[PDB]
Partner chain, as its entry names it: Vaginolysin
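The chain below stands alone and is given as structure tokens, in the form deposited without its partner chain.
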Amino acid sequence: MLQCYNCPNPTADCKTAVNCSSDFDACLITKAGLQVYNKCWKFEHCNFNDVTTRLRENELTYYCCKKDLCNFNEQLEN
């Protein structure tokens, strides 16, 4: 399985590791101001439009990856 940081709410430093279900193929980290999101996700939705409409944030940067626990803060210069 792919293990990602996955917090249901934005969290300054998400430490919750979960085994994503096979529905997902990516780990996502997104920074929107001081809000940081960490999710099991899909690469088909790892794009600005799809992340903004799903997380309901106007302005953000994002990174997706497919190695264990790869969706960490330092991946995103922001």
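We call the rigid core whatever largest set of C-alpha positions still superposes within 1.5 Å between the two forms. Positions refer to the first chain, counted from 1.
Using the rigid core as the fitting frame, the root mean square C-alpha deviation in 4 other deposited structures of this protein is greater for 69-77 than for the other of 3-11 and 69-77.
Stretches 17-25 and 65-73 differ in mean CA B factor, with 17-25 having the higher one. Per the deposited record, the Cα B-factor of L34 falls in the highest third when ranked against the other modelled residues of its chain.
Quick note: we don't show the form deposited with its partner chain bound, though the next part is all about it.
Interface membership of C46, defined by any non-hydrogen atom within 4.5 Å of its partner chain in the entry with it bound, is confirmed. Of the heavy atoms in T61, some are within 4.5 Å of its partner chain in the entry with it bound. The closest heavy atom approach of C20 to its partner chain in the entry with it bound falls outside 4.5 Å.
Contact check for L55: every heavy atom lies farther than 4.5 Å from its partner chain in the entry with it bound. If you take 4-42 and check each residue for a heavy atom within 4.5 Å of its partner chain in the entry with it bound, you get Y5, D13, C14, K15, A17, in sequence order.
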